[PDB]
Amino acid sequence: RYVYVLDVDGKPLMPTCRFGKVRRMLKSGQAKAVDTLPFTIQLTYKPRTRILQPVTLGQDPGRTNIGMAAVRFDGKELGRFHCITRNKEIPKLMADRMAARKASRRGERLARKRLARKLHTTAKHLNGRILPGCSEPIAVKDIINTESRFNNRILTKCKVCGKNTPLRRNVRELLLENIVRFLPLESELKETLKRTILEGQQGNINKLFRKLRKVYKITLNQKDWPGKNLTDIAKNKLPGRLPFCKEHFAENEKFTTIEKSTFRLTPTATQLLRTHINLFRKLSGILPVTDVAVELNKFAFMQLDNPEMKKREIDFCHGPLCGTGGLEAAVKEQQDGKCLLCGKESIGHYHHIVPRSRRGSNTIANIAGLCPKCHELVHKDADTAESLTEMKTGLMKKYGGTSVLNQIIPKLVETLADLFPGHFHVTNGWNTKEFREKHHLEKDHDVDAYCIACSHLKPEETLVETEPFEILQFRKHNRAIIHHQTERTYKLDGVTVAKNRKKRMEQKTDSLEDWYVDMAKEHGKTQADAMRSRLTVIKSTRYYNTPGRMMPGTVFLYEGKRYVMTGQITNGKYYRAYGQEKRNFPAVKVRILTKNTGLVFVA
DNA sequence: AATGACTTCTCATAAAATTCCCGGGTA
DNA sequence: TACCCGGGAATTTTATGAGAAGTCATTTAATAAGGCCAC
RNA sequence: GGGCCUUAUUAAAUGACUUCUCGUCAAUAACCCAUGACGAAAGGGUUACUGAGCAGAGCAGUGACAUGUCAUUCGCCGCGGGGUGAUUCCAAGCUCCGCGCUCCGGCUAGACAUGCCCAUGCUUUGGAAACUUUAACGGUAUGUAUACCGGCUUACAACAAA
Ligand SMILES: [Mg+2]
Ligand SMILES: [Mg+2]
Ligand SMILES: [Mg+2]
Ligand SMILES: [Mg+2]
Ligand SMILES: [Zn+2]
Ligand SMILES: [Zn+2]
């Protein structure tokens with residue numbers, strides 16, 4: 001591995017191979033050891049020359065695995081890095097934030113309800129309510145509601161004004177007009193075509209289509225352009241909102257002259273976009289980086305799901321939901337409208353077969369329609385649960401990770417083109433493959449990153465040389481006061497017999513109700529009561545996080561060796577460390593070097 | 001005139017339980 | 001000179017919240033047609 | 001022919017509001033059972049009533065329910081200004097008050113009358129900065145650590161070792 005050299009200003013200089021001179025300099029005060037991983041030194045003097053070659057920093061993007069490589073202008077590797085990200089956690093941490101926020105608001109509602117019962121201010125005969133955008137009721141009970149705010153929540157705004165833009169359900173005429181606009185038809189026939197489609201008169205639509213098909217030869221069929229798109233705009237609802245206001249949706253060319261993209265991403269995609277940019281900034285702290293190189297990744301998911309089939313024999317336009325009316329309607333058609341386990345009652349709940357808490361997919365392969373009675377048993381009884389899996393197997397999330405990668409790449413390219421003007425370069429995955437094969441390299445992230453840096457360059461030799469560095473990523477915040485909560489465990493003779501008084505929703509193990517019923521079968525009531533009356537109980541106990549504690553990714557010294565903290569034990573008395581298994585490092589025997597830098601180097 | 005590749009997948013932590021250590025009464 | 005208990009400090013082991021309903025939104029990719037600018 | 005915009009269909013993801021439920025935690029009462037420290041403490045349930053809602057606490061600040069009758073008056077939207085997150089910086093997300101119809105949504109919600117109460121918002125998300133006393137890697141001698149050596153530039157190139 002090279003030694004990374006810093007100037008007396010703190011700015012990078014070119015790396016050194018001269019391991020002997022580095023130890024002669026450290027023995028003689030000509031340098032200081034700023035870091036042990038990556039091993040980095042700062043000069044205490046200013047050299048007689050200050051000449052640096054161009055250094056290109058290349059990246060192999062990924063959700064979990066990001067590759068980096070530093071390549072000098074002549075093609076020589078100056079370092080290779082593999083970063084393992086934290087991005088897997090964020091959807092689950094957001095889904096816990098979900099459950100906790102809604103449970104807190106349910107508690108404030110329950111406090112109002114219990115006060116209304118005491119004062120007789122509960123709603124008379126209220127059995128749910130229908131809101132303006134809905135068709136079925138919300139099942140509201142004792143007090144009318146709290147305002148529900150879903151109809152607008154503006155996020156798209158007009159790309160040429162900042163004004164708002166209409167819903168596709170209301171401006172159906174403008175959407176329909178911007179298709180009819182371009183046709184060979186006379187203006188009175190364009191008016192007649194729009195009006196006849198907007199009236200929805202199936203027979204008179206066919207009369208007009210047959211007339212215009214004879215006179216003008218235009219392909220007016222409900223399965224061909226334009227007639228398909230015109231027929232689809234006759235729907236009662238259409239999804240989402242326009243990119244332009246009514247004043248500007250009338251005109252096509254504005255992308256040539258004026259734009260404001262008004263961009264958004266989820267927390268999960270935002271953290272990964274930040275991670276890609278922050279790896280360039282971190283490695284620019286140890287190398288004199290002049291240029292940046294990246295790989296475009298672009299995934300079509302129904303090709304990843306059909307990899308043996310060739311690209312133009314895939315029905316991208318159709319899939320499992322085309323014209324079905326959405327997921328819940330497609331399942332209702334697929335089941336003849338009945339509950340899957342018993343074929344008598346109608347569908348009540350759309351059941352995720354692999355649960356949402358257990359990495360289950362939201363796609364139609366993971367859904368079964370059940371009545372509320374069976375949906376409760378499938379959560380509380382393992383024999384009914386296995387019986388459902390024989391009818392439909394279900395799926396975990398196949399493509400969660402690469403969907404987040406697929407979202408980021410366009411914004412990553414724009415951001416790096418702004419950060420490195422005239423010094424930013426792009427590749428496609430097949431170029432990385434060609435280079436890897438041409439030079440007898442083998443596939444991994446840091447090697448692909450070397451191939452990506454070499455797209456810009458003309459390497460004199462294409463050798464790959466160093467032991468690559470490993471970077472972990474750690475959380476910068478954790479706001480949770482409760483760390484975990486125990487279940488109400490019941491013990492007899494010190495042995496666990498049950499875990500709640502009656503079953504929790506997912507509880508496949510016994511409650512006291514389950515255990516007592518089986519003891520009363522085996523021993524009769526008098527003995528089962530003599531066993532209830534002998535139970536020992538630990539109440540459901542909340543365990544609390546220490547505020548202001550050391551976070552994971554903290555670097556520390558113990559017995560003269562560098563360690564990276566992976567977690568605390570016993571109110572912060574002991575630290576766990578990377579690669580050291582269950583070993584407990586005492587916090588008194590430890591010096592902290594740096595608090596968590598987010599991206600952190602490991603052995 | 002097409003399309004190639006690529007990527008992905010189990011814990012930190014508190015506090016309860018268990019062990020170990022020094023000071024002591026006793027012989 | 002020497003050993004078995006106790007109480008406090010130190011260290012290790014144990015255990016970990018779920019399901020659904022009425023609606024909405026944003027991003028990326030592909031496919032189709034249109035269009036602007038394009039030897 | 002390629003870039004970029006827009007519409008339709010689809011695929012794969014992950015964000016917001018509202019509403020239901022199992023289970024929890026606290027306490028009282030009746031009932032079933034276990035049990036007797038030195039006649040009575042200590043113990044487990046079941047059913048009912050009541051309270052709780054990071055078993056809550058911060059920082060903000062007046063509303064929260066109910067009935068009447070008028071209804072698109074309102075508002076999730078525009079402009080302005082605040083709360084919280086939230087402090088080392090700052091972001092996401094939620095939210096409140098004034099004025100308003102340019103745009104976007106709409107019996108959401110608002111107004112007025114009467115009754116009763118404390119019944120408001122946000123808080124389990126994401127980066128970055130800061131710290132610093134961070135002697136690494138290879139070969140040789142010996143009893144794994146102290147010692148000694150890996151030419152010259154921070155670096156390329158040339159030169160020098162060989
Ligand atoms: Mg790649
Ligand atoms: Mg209260
Ligand atoms: Mg379910
Ligand atoms: Mg890769
Ligand atoms: Zn406009
Ligand atoms: Zn059933």
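Whatever order the structure lists them in is the order used to number ligands and atoms, beginning at 1. Chain letters run A, B, ... following the sequence lines, proteins first and then strands; every chain starts at 1.
Nearest N/O/S atom of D60(A) relative to the Mg ion (ligand 4): this is OD2. Of all the N, O or S atoms in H248(A), the one closest to the Zn ion (ligand 5) is ND1.
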Legend entry - Verdict with supporting geometry, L242(A) and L175(A), side-chain contact (heavy atoms from CB on, under 4.5 Å): CA-CA 9 Å; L242(A) 301 192; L175(A) 287 165; 3.8 Å; yes
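Here CD of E470(A) is found 11.5 Å from CZ of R80(A). Values are rounded to the nearest 0.5 Å. To the nearest 0.5 angstrom, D291(A) atom CG is 7.5 Å from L457(A) atom CG.
In summary, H375(A) places an N/O/S atom under 2.8 Å from the Mg ion (ligand 3), meeting the contact criterion.
With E506(A) as the partner, the salt bridge (charged side-chain N to carboxylate O under 4.0 Å, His left out) test is satisfied by one option alone out of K380(A), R358(A), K499(A): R358(A).
Between the SG atom of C245(A) and the SG atom of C161(A), the angle taken at the Zn ion (ligand 5) works out to 130° after rounding to 10°.
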